[PDB]
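Shown below: entry20.txt, with compact mmCIF, C-alpha atoms.
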# COMPACT_ATOMS: atom_id res chain seq x y z
CA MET A 1 0.00 0.00 0.00
CA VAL A 2 1.37 3.43 -1.01
CA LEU A 3 0.46 6.56 1.07
CA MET A 4 1.86 10.02 0.59
CA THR A 5 0.81 13.15 2.44
CA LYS A 6 3.43 15.52 1.06
CA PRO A 7 4.75 16.32 -2.46
CA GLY A 8 6.78 13.43 -3.75
CA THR A 9 6.96 10.39 -6.03
CA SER A 10 6.59 6.64 -5.25
CA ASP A 11 6.78 3.74 -7.76
CA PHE A 12 4.29 0.93 -7.64
CA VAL A 13 2.87 -1.93 -9.73
CA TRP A 14 -0.74 -2.15 -10.71
CA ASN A 15 -2.20 -5.06 -12.71
CA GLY A 16 1.33 -6.09 -13.53
CA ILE A 17 2.28 -2.65 -14.88
CA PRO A 18 5.22 -0.71 -13.32
CA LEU A 19 4.12 2.89 -12.66
CA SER A 20 5.02 6.11 -10.78
CA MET A 21 2.60 8.23 -8.83
CA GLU A 22 3.48 11.82 -8.11
CA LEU A 23 1.76 13.99 -5.50
CA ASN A 24 2.57 16.92 -7.86
CA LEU A 25 2.15 20.49 -6.58
CA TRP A 26 4.95 21.71 -8.91
CA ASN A 27 3.78 25.27 -9.39
CA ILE A 28 2.74 25.93 -5.76
CA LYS A 29 5.06 28.19 -3.73
CA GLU A 30 3.23 27.82 -0.46
CA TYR A 31 0.13 26.24 1.03
CA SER A 32 -1.50 25.06 4.28
CA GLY A 33 -4.04 22.26 4.76
CA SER A 34 -3.88 18.64 3.66
CA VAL A 35 -3.15 16.51 0.58
CA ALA A 36 -3.13 12.68 0.42
CA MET A 37 -2.58 10.23 -2.39
CA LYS A 38 -2.93 6.49 -1.99
CA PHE A 39 -2.68 3.32 -4.02
CA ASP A 40 -4.18 0.30 -2.31
CA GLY A 41 -3.70 -2.40 -4.94
CA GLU A 42 -7.10 -1.78 -6.57
CA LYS A 43 -7.27 1.97 -6.97
CA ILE A 44 -5.40 5.30 -6.71
CA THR A 45 -7.11 8.17 -4.96
CA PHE A 46 -6.13 11.78 -4.37
CA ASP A 47 -7.68 14.31 -2.12
CA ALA A 48 -6.78 17.91 -1.37
CA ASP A 49 -8.13 20.44 1.10
CA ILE A 50 -5.66 23.29 0.91
CA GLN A 51 -5.62 27.07 1.56
CA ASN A 52 -3.13 30.04 1.50
CA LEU A 53 -2.03 29.09 -1.99
CA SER A 54 0.27 31.18 -4.23
CA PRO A 55 2.08 30.11 -7.46
CA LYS A 56 5.80 29.80 -8.00
CA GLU A 57 5.31 31.19 -11.51
CA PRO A 58 1.99 32.66 -12.52
CA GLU A 59 3.00 32.48 -16.14
CA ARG A 60 2.47 28.65 -16.06
CA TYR A 61 -1.15 29.32 -15.06
CA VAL A 62 -1.99 26.03 -13.27
CA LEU A 63 -0.77 25.23 -9.68
CA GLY A 64 -0.32 21.45 -9.76
CA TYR A 65 -0.89 18.11 -11.52
CA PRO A 66 -1.35 15.14 -9.11
CA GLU A 67 -0.95 12.10 -11.40
CA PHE A 68 0.44 8.67 -12.02
CA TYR A 69 2.43 7.74 -15.11
CA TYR A 70 3.88 4.95 -17.25
CA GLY A 71 7.39 5.56 -18.51
CA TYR A 72 9.96 8.28 -18.25
CA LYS A 73 9.01 11.77 -17.16
CA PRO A 74 11.80 14.04 -18.47
CA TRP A 75 11.27 16.91 -15.96
CA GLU A 76 11.75 14.50 -13.13
CA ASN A 77 14.54 12.45 -14.81
CA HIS A 78 12.62 9.39 -13.58
CA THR A 79 11.11 6.14 -14.69
CA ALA A 80 10.08 3.02 -12.72
CA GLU A 81 12.08 -0.04 -13.75
CA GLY A 82 10.39 -2.26 -16.35
CA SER A 83 8.67 0.30 -18.54
CA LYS A 84 8.77 -0.24 -22.35
CA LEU A 85 9.00 3.56 -22.86
CA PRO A 86 10.68 5.63 -24.14
CA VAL A 87 10.42 4.42 -27.77
CA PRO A 88 10.57 6.24 -31.10
CA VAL A 89 7.16 7.50 -32.19
CA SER A 90 7.67 5.68 -35.50
CA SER A 91 8.07 2.33 -33.73
CA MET A 92 4.62 2.60 -32.04
CA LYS A 93 1.98 0.65 -33.97
CA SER A 94 -0.66 1.25 -31.30
CA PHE A 95 -0.96 2.15 -27.64
CA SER A 96 -4.25 1.53 -25.93
CA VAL A 97 -4.98 3.03 -22.58
CA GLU A 98 -7.99 2.35 -20.42
CA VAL A 99 -8.97 3.74 -17.03
CA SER A 100 -12.10 4.63 -15.13
CA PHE A 101 -12.31 7.76 -13.06
CA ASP A 102 -14.49 9.74 -10.72
CA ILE A 103 -13.56 13.38 -10.15
CA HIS A 104 -15.04 15.76 -7.59
CA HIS A 105 -14.30 19.40 -6.91
CA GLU A 106 -15.73 22.54 -5.41
CA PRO A 107 -17.58 24.30 -8.35
CA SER A 108 -15.28 27.27 -8.71
CA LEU A 109 -11.93 25.43 -9.00
CA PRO A 110 -10.14 25.48 -12.44
CA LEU A 111 -9.41 21.81 -13.10
CA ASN A 112 -9.10 19.21 -15.82
CA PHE A 113 -8.78 15.48 -16.15
CA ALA A 114 -5.90 15.25 -18.64
CA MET A 115 -3.38 12.74 -19.86
CA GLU A 116 -0.13 13.75 -21.59
CA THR A 117 3.13 12.71 -23.14
CA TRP A 118 6.37 14.52 -23.94
CA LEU A 119 8.07 13.81 -27.34
CA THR A 120 11.76 14.64 -27.14
CA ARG A 121 14.73 14.58 -29.55
CA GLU A 122 16.99 12.49 -27.25
CA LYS A 123 15.75 9.45 -25.33
CA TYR A 124 16.43 10.76 -21.80
CA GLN A 125 16.34 14.57 -21.64
CA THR A 126 15.83 16.38 -18.35
CA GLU A 127 13.82 19.16 -19.96
CA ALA A 128 11.78 19.99 -23.08
CA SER A 129 13.05 22.63 -25.43
CA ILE A 130 12.74 23.88 -29.05
CA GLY A 131 12.19 20.90 -31.32
CA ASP A 132 10.28 19.00 -28.53
CA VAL A 133 6.51 18.57 -28.09
CA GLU A 134 4.07 18.24 -25.17
CA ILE A 135 0.75 16.60 -26.18
CA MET A 136 -2.23 16.49 -23.82
CA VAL A 137 -5.65 14.87 -24.11
CA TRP A 138 -8.34 16.42 -21.96
CA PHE A 139 -11.46 14.33 -21.09
CA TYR A 140 -12.88 16.77 -18.55
CA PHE A 141 -12.45 20.48 -17.68
CA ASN A 142 -14.02 23.03 -15.33
CA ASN A 143 -13.19 26.79 -15.52
CA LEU A 144 -10.02 25.95 -17.43
CA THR A 145 -9.05 26.44 -21.01
CA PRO A 146 -5.93 24.87 -22.65
CA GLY A 147 -2.98 27.18 -23.35
CA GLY A 148 -2.45 28.80 -26.73
CA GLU A 149 -5.14 29.09 -29.34
CA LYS A 150 -7.73 26.77 -30.74
CA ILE A 151 -6.81 26.00 -34.34
CA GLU A 152 -8.71 22.87 -35.40
CA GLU A 153 -11.15 20.10 -34.54
CA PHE A 154 -10.69 16.34 -35.06
CA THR A 155 -13.24 13.49 -34.87
CA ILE A 156 -11.50 10.75 -32.93
CA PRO A 157 -13.14 7.58 -31.55
CA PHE A 158 -12.80 6.16 -28.11
CA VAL A 159 -14.75 3.78 -25.95
CA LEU A 160 -16.87 5.47 -23.29
CA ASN A 161 -18.27 3.13 -20.63
CA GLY A 162 -17.94 0.16 -22.94
CA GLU A 163 -19.56 1.90 -25.91
CA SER A 164 -17.54 2.84 -29.01
CA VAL A 165 -18.15 6.59 -29.69
CA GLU A 166 -16.84 9.34 -32.01
CA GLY A 167 -15.60 12.25 -29.97
CA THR A 168 -15.02 15.79 -31.29
CA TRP A 169 -11.76 17.14 -30.08
CA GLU A 170 -10.53 20.77 -30.27
CA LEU A 171 -6.86 21.10 -30.94
CA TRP A 172 -5.24 23.99 -29.05
CA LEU A 173 -1.69 24.99 -30.06
CA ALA A 174 0.95 27.03 -28.27
CA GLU A 175 4.57 27.84 -29.19
CA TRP A 176 6.39 28.16 -25.84
CA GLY A 177 9.84 26.89 -25.00
CA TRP A 178 8.53 23.71 -26.67
CA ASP A 179 5.46 23.08 -28.79
CA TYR A 180 2.30 22.51 -26.74
CA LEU A 181 -0.67 20.67 -28.29
CA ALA A 182 -3.83 19.98 -26.30
CA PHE A 183 -6.76 17.98 -27.63
CA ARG A 184 -9.89 18.83 -25.67
CA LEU A 185 -13.01 16.66 -25.74
CA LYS A 186 -15.97 18.94 -26.51
CA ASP A 187 -18.44 16.94 -24.40
CA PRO A 188 -16.52 16.69 -21.11
CA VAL A 189 -16.96 13.50 -18.90
CA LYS A 190 -16.50 13.95 -15.12
CA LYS A 191 -16.88 10.24 -14.30
CA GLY A 192 -16.78 7.10 -16.39
CA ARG A 193 -14.47 4.69 -18.05
CA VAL A 194 -12.53 5.43 -21.23
CA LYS A 195 -10.31 3.46 -23.55
CA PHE A 196 -8.67 4.86 -26.72
CA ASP A 197 -5.60 4.41 -28.89
CA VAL A 198 -3.01 7.11 -28.30
CA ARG A 199 -1.72 6.55 -31.87
CA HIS A 200 -4.81 8.48 -33.19
CA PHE A 201 -3.72 11.59 -31.28
CA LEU A 202 -0.13 11.21 -32.35
CA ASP A 203 -1.25 10.95 -36.04
CA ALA A 204 -3.46 14.03 -35.61
CA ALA A 205 -0.53 15.83 -33.99
CA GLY A 206 1.96 14.88 -36.78
CA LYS A 207 -0.39 16.42 -39.37
CA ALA A 208 -1.05 19.60 -37.37
CA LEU A 209 2.67 20.06 -37.10
CA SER A 210 3.62 18.95 -40.63
CA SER A 211 4.51 22.46 -41.72
CA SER A 212 6.32 23.44 -38.53
CA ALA A 213 9.69 25.27 -38.49
CA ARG A 214 10.45 24.28 -34.89
CA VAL A 215 9.46 20.65 -34.81
CA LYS A 216 11.42 18.59 -37.24
CA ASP A 217 11.15 14.88 -37.80
CA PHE A 218 8.09 14.27 -35.57
CA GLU A 219 8.05 10.49 -36.07
CA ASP A 220 11.69 10.29 -34.97
CA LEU A 221 10.98 11.92 -31.57
CA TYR A 222 10.92 9.64 -28.51
CA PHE A 223 7.52 8.96 -27.03
CA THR A 224 8.68 9.15 -23.37
CA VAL A 225 5.79 8.66 -21.00
CA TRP A 226 2.05 8.58 -20.53
CA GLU A 227 0.82 10.67 -17.62
CA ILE A 228 -2.71 10.62 -16.30
CA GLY A 229 -3.85 13.24 -13.79
CA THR A 230 -5.72 16.45 -12.98
CA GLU A 231 -4.17 19.87 -13.53
CA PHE A 232 -5.77 22.42 -11.22
CA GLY A 233 -5.70 26.09 -10.17
CA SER A 234 -5.10 29.41 -11.91
CA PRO A 235 -2.83 32.25 -10.73
CA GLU A 236 -5.72 33.58 -8.59
CA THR A 237 -6.76 30.38 -6.85
CA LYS A 238 -6.30 30.82 -3.07
CA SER A 239 -7.64 27.50 -1.81
CA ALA A 240 -8.55 24.15 -3.49
CA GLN A 241 -10.81 21.33 -2.41
CA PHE A 242 -11.12 18.38 -4.81
CA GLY A 243 -10.30 14.73 -5.26
CA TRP A 244 -10.48 11.77 -7.55
CA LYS A 245 -10.33 8.05 -7.81
CA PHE A 246 -8.87 6.05 -10.72
CA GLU A 247 -9.53 2.30 -11.21
CA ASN A 248 -9.49 -0.42 -13.85
CA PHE A 249 -6.20 0.71 -15.37
CA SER A 250 -4.65 -1.13 -18.33
CA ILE A 251 -2.51 -0.52 -21.38
CA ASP A 252 -1.50 -2.32 -24.52
CA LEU A 253 1.62 -0.94 -26.20
CA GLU A 254 2.43 -2.60 -29.52
CA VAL A 255 5.96 -1.73 -30.62
CA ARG A 256 7.33 -2.33 -34.12

Please express the file's structure as structure tokens.
Amino acid sequence: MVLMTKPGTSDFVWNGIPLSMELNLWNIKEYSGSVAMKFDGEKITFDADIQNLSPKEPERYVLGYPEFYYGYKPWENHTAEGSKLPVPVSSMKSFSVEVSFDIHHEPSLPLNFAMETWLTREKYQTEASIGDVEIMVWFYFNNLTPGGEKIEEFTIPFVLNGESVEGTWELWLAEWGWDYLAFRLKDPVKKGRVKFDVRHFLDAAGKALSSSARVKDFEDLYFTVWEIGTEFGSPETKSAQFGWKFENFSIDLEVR
């Protein structure tokens, strides 16, 4: 059983998959109150009841991203042992991810349920820079918009509660120190079970970026990690009360 009550990272294994969970308050300079993250063999839960918040850098907008991930997170220079990632984007035939979730929050709190990867030029960077890409997939949001600007929409299928559906996803693009792409489901889901193939988002991203002058050789970048969590807060958020539960996690990475 894993229990954390302060910012930090612990590795664990769930359904035979080696994973990391991070009680991630990366952009929070100070806070009072309580946070707790737990993995009990069947589920991962996170709860926060915090006040007196202020950001380290308001320019990053959100305050934190409690999450768990598969693979190598560059910014943390960390991966649990046993992960098949990182791998070149081109070598990924498919990558299915499935999880069920239940999110709760006080109504006013900016928050999303978002998964993400980082595509980098070298296999094990400790940062993302020009030439690299951050890609997020947002299934839920409340009082929070992705960064950058909305440029397109894509129809991409996924399985929602066991039913195969066609979702409409907005693609938001930002050119920061790296390229930021966020696909945002237009009909947000606060609770349910989803399964989809990450390769669909990577193919949509390769096209969106096909005429880029910063990102070269997209399919040769390393697909480093798959993070699943909830970003929350804005530069004005003073307190945050919210929590979630994730269950039924599985993946199927098919590598060329």

> Which residues, written as a PyMOL selection string, have at least one atom at most 9 Å from residue 141 of chain A, with all atoms listed in the file counted and residues fewer than 2 positions away on the same chain left out?
Replying inline: chain A and resi 110-114+138-139+143-145+184-185+188-190

Based on the selection just made, write C-alpha atoms of those residues as a short mmCIF file (atom, residue, chain, number, x, y, z; two decimals), in the frame of the given file.
data_model
loop_
_atom_site.label_atom_id
_atom_site.label_comp_id
_atom_site.auth_asym_id
_atom_site.auth_seq_id
_atom_site.Cartn_x
_atom_site.Cartn_y
_atom_site.Cartn_z
CA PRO A 110 -10.14 25.48 -12.44
CA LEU A 111 -9.41 21.81 -13.10
CA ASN A 112 -9.10 19.21 -15.82
CA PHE A 113 -8.78 15.48 -16.15
CA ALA A 114 -5.90 15.25 -18.64
CA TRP A 138 -8.34 16.42 -21.96
CA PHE A 139 -11.46 14.33 -21.09
CA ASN A 143 -13.19 26.79 -15.52
CA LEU A 144 -10.02 25.95 -17.43
CA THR A 145 -9.05 26.44 -21.01
CA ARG A 184 -9.89 18.83 -25.67
CA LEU A 185 -13.01 16.66 -25.74
CA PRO A 188 -16.52 16.69 -21.11
CA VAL A 189 -16.96 13.50 -18.90
CA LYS A 190 -16.50 13.95 -15.12
#

> Which residues come within 12 Å of residue 129 of chain A, counting only C-alpha atoms, excluding same-chain residues fewer than 5 positions away, as a ChimeraX atom specification?
Replying inline: /A:74-75,118-122,134,175-180,214-215

>> Within 10 Å of (2.7, -3.8, -35.4) in the file's own coordinates, which protein, DNA or RNA residues have an atom, counting all atoms listed in the file? List them as a list in words.
In response: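 Neighbouring residues, ordered by chain and number, come to residues 91, 92, 93, 94, 253, 254, 255 and 256 of chain A.
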
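The space separating atom CA of residue 69 of chain A from atom CA of residue 181 of chain A comes to 18.7 Å.
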
>> I want to know what sits within 12 Å of residue 217 of chain A, based on all atoms listed in the file, with residues of the same chain fewer than 2 positions away left out; could you give that as a list in words?
In response: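 Near residue 217 of chain A, the qualifying residues are residues 88, 89, 90, 119, 120, 121, 131, 132, 133, 206, 207, 209, 210, 211, 212, 213, 214, 215, 219, 220, 221 and 222 of chain A.
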
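For the pair atom CA of residue 200 of chain A and atom CA of residue 79 of chain A, the separation is 24.5 Å.
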
>> If I take atom CA of residue 241 of chain A and atom CA of residue 31 of chain A, how far is one from the other in Å, to one decimal?
In response: 12.5 Å

>> Restricting the calculation to all atoms listed in the file: of A:10, A:117, A:126, A:54, which residue gets closest to residue 80 of chain A?
In response: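 Nearest candidate to residue 80 of chain A out of A:10, A:117, A:126, A:54: A:10.
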
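Nearest residue to residue 97 of chain A among A:205, A:194, A:187, A:246 is A:194, counting all atoms listed in the file.
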